[PDB]
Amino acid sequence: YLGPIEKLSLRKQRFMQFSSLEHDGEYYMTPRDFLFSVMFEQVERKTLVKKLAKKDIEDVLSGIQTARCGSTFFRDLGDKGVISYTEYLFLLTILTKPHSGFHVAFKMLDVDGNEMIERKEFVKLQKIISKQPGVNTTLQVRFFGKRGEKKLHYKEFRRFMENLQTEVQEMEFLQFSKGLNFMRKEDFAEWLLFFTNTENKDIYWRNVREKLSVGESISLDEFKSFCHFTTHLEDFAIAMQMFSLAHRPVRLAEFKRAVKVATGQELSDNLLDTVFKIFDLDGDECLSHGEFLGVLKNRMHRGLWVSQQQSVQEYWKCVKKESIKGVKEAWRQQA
């Protein structure tokens, strides 16, 4: 093309959009801020940031321990918790890198070689995982106890990452099902296209209206298995290139076989027929698998990054500035 493409991080922008606490020039999320920030770009009520005192912020996470420390951990806390920005970037990386185990970072912080780390290492773990004094916090209390006594064992960290993936799945399901125990395929499409603001949506929504019939729905199990699929989009993309090279079109049983090989799972016909019908951009019986792959990528990244290439513009600006300030001295000494 005409430029290198830098992936620009909107993670801090998202954090500032959803954080509802401030204390001493530092902003913080409640667990609820965190869940909605990973699901949405914009906040529903621009409510003004609560400015808290040392005692107040201590009280926010005080009366906890009530939370079920499995996959309803964050939901159960409501607003009763505190999450720092570096902890946020850590949590974002766990969601957008679901297959990563970060064993190298853990072991590098496991100085005693016991498969455990100490509270002092937690922020280092956060900063390495998410590269591309201090008040007490919900994660600090959970992993390292109330006054920093216990240590985070690796298998506990693995379980926490698993419960976090699950909890985002189930909370996204509750938002798009309007709590109501099944998800209309209209709403599943809404979810699927959420981070795809590229204008092409006319055909997707006309497809949704015409092709799938009123009353059809999916369950939480179908939704979870599709999220799993989405985390295997790179395997799916290999299977798609093996059709792109043979110049062959992807029909419905070919789509289903590719999906089986990507996930190792048997997704339901109810799900995969709907997905096919939606991304059958033309009237043919063929998957427009390119734009589908694009949409799975949008879905996986959650609006947290934006590609750009204004490197050439800065280059030109610097060329013109330097050449001008060089002529301003080369010729004002000449004639």
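Start at 1 with the first residue shown and count on from there.
The deposited sequence places no unmodelled residues between residue 213 and residue 214, so the chain runs continuously there. Remark: stretch with higher mean C-alpha B factor among 11-19 and 317-325 is 317-325.
In this crystal structure, the stretch out of 31-39 and 45-53 whose C-alpha atoms carry the higher mean B factor is 45-53. Reading the B-factor column for the CA atoms of 293, 271, 300, 286 in the entry, the top value corresponds to 286. You'll see in the entry that, of 142, 248, 103, 224, the Cα B factor peaks at 248. Per the PDB record, residue ranking by Cα B-factor puts residue 238 in the highest third of the chain. Annotation for residue 93: CA B-factor lies in the lowest third of the chain's modelled residues. In the PDB entry, a CA B factor belonging to the highest third of its chain's modelled residues is recorded for residue 134.
Residue 148: CA B factor lies in the highest third for its chain, per the PDB record. For residue 154, the recorded CA temperature factor ranks within the middle third of the chain's modelled residues.
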